[PDB]
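These notes are about the structure you will find just below.
Numbered from 1 within each chain, the chains take letters A, B, ... in sequence-line order.
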Amino acid sequence: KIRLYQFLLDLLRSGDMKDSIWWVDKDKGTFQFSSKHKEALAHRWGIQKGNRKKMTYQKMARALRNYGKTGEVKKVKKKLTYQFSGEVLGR
DNA sequence: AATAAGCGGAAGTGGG
DNA sequence: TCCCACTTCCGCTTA
Ligand code: NA
């Protein structure tokens with residue numbers, strides 16, 4: 001089953017939900033969610049995973065926060081903005 | 001107030 | 001047994 005950071009990286013590469021997520025500085029791996037359109041992306045994540053409940057942005061961000069300690073994704077001090085690690089980007 | 005972003009402890013679910 | 005990789009729930013804090 002795909003991991004959340006990989007789902008997000010794949011979306012950014014495909015551009016399939018450009019109104020929900022975008023690169024800020026792709027060389028640094030920083031990206032940002034849409035305030036108004038992030039829920040549609042969260043819904044897609046839950047459906048891809050086959051979860052029992054509807055996925056929300058709040059629950060998806062709860063999962064994202066767990067990557068802070070291992071480093072795959074870190075929160076940036078800007079609204080709705082995060083940063084992939086170099087290791088994640090290189091793979 | 002209304003709305004929104006951000007946080008994380010705790011317990012539950014999946015698939016090894 | 002016991003960790004993976006989240007998911008779900010709940011209460012709190014700041015803007
Ligand atoms: Na929000």
Side-chain angles (χ1 to χ4, degrees), chain A residues 2-90:
Chain A
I2 190 168
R3 297 189 66 179
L4 174 58
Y5 71 79
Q6 191 65 53
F7 168 83
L8 295 174
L9 185 59
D10 291 349
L11 280 181
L12 284 160
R13 289 178 168 154
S14 71
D16 198 60
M17 299 198 79
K18 281 183 193 78
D19 300 333
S20 295
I21 193 178
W22 48 81
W23 291 118
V24 179
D25 184 336
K26 63 197 164 185
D27 288 38
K28 296 182 183 166
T30 55
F31 62 97
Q32 180 181 46
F33 294 99
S34 169
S35 179
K36 280 271 288 177
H37 302 295
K38 63 196 183 302
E39 296 293 346
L41 178 158
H43 295 158
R44 179 179 178 158
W45 170 236
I47 292 172
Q48 181 164 132
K49 281 289 296 290
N51 292 338
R52 175 180 47 265
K53 310 271 172 177
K54 176 181 105 281
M55 175 59 62
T56 62
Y57 182 81
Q58 183 177 347
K59 287 189 294 185
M60 190 186 73
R62 179 69 189 86
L64 282 180
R65 283 197 297 283
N66 291 333
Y67 290 137
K69 193 169 190 310
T70 47
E72 291 88 346
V73 182
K74 290 181 174 185
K75 187 71 179 64
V76 173
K77 300 289 198 186
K78 297 282 179 157
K79 199 164 288 289
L80 296 168
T81 305
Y82 292 83
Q83 183 170 21
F84 295 114
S85 67
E87 290 79 0
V88 164
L89 295 166

Problem set entry | ring-ring contact (aromatic ring centres under 6.0 Å, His included) against A:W23, all qualifying residues, sequence neighbours excluded | A:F84

For this session: Could you tell me which residues satisfy side-chain contact (heavy atoms from CB on, under 4.5 Å) with A:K18, sequence neighbours excluded, listed by chain and number?
Result: none

Exercise. For A:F33, which contact category applies under a 4.0 Å heavy-atom criterion: base, sugar-phosphate, or nothing?
Worked result: nothing

Problem set entry | A:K75: partners by side-chain contact (heavy atoms from CB on, under 4.5 Å), with sequence neighbours left out | A:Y82

Problem set entry | DNA chain B-proximal residues of residues 68-82 of chain A, any heavy atom under 4.0 Å | A:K75, A:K78, A:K79, A:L80

For this session: Identify, with sequence neighbours excluded, every residue that meets side-chain hydrogen bond (donor to acceptor under 3.5 Å, both in side chains) alongside A:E72.
Result: A:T70

Exercise. Got a sec, which residues hit side-chain hydrogen bond (donor to acceptor under 3.5 Å, both in side chains) with A:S14, two or more places apart in sequence or on another chain?
Worked result: none

Exercise. Any salt bridge (charged side-chain N to carboxylate O under 4.0 Å, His left out) pairs touching residues 30-46 of chain A, not counting sequence neighbours?
Worked result: A:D16-A:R44

Problem set entry | Letter per nucleotide, 5' to 3', of nucleotides 8-15 of chain C [B base touched, S only sugar-phosphate touched, - untouched; heavy atoms, 4.0 Å] | BSBB----

Exercise. With sequence neighbours left out, what residues match A:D19 under side-chain hydrogen bond (donor to acceptor under 3.5 Å, both in side chains)?
Worked result: none

For this session: Taking Watson-Crick and G-U wobble pairs with both distances under 3.5 Å, convert DNA chain C into its dot-bracket string, 5' to 3', dots for unpaired and | for cross-strand pairs.
Result: .||.|||||||||||

Seminar exercise, completed: Contacts satisfying side chain to side chain donor-acceptor pair (under 3.5 Å) that involve residues 53-67 of chain A (not counting sequence neighbours) are A:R62-A:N66

